[PDB]
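One chain comes next, on its own, written as structure tokens: the form deposited in one PDB entry.
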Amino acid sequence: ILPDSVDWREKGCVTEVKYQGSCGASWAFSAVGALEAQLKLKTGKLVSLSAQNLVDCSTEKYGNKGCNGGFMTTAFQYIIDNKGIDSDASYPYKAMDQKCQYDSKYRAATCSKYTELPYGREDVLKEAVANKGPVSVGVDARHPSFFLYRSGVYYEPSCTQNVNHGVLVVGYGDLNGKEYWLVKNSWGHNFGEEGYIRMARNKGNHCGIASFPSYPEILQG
């Protein structure tokens, strides 16, 4: 059996909530967020990775469009191909498209591989979050209720399983039997519960949270 509840923040594996601003870079924050946790597990150091590095450098070859959107999976592939990603401190976020300024001097992580989970499987998603770490996912965030969410287990009747906003599942649990995913957003600390949103779990792939999950790994060799 899996634990009833997990919260990778309690294991020191989750950096501060970031603020994407007017740049549609949530895919980039989702990607680095998943990698930050694998890095902490392997090295003992928690260090924000450079979302801007991805925006500026993980571009056309990876099907990504900088501030106009992208994919976590090909973000990971870029880090594999590039043999590194800079720290956020060395390559901080500017919420706009820029020229690629990747520098191997300031590499703070690598990526060995990534794994994609099957569409809609919230049981498989739960197992990965428990056994692997935070999982990059897309959600359907095209709803005023999403922007307006303040607290509780978010359930939107009109939500769809088509995803358009990258976020990071850092855990799961229940509140009085209402099951939820613990989701790290990139809209700063003032959104939701200190930048997090708890989203309805085991409710028919609500908002497409398990439509396109994936997580990276950093192996010993």
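From 1 onward, residues are counted along the sequence shown.
Keep in mind that the form solved in complex with a small molecule is not shown, yet the notes after this line are about it.
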(message) Taking the small molecule as it sits in the bound PDB entry, is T15 near enough to touch it, meaning that at least one heavy atom pair lies within 4.5 angstroms?
(response) no
(request) Tell me, yes or no, whether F191 is in contact with the small molecule in the bound PDB entry, where a contact means a heavy atom of each within 4.5 Å. (result) yes
(request) Using a 4.5 Å heavy atom cut-off, state whether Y149 contacts the small molecule in the bound PDB entry. (result) yes
(message) Against the small molecule in the bound PDB entry, would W187 count as a contact residue? Criterion: heavy atoms within 4.5 Å.
(response) yes
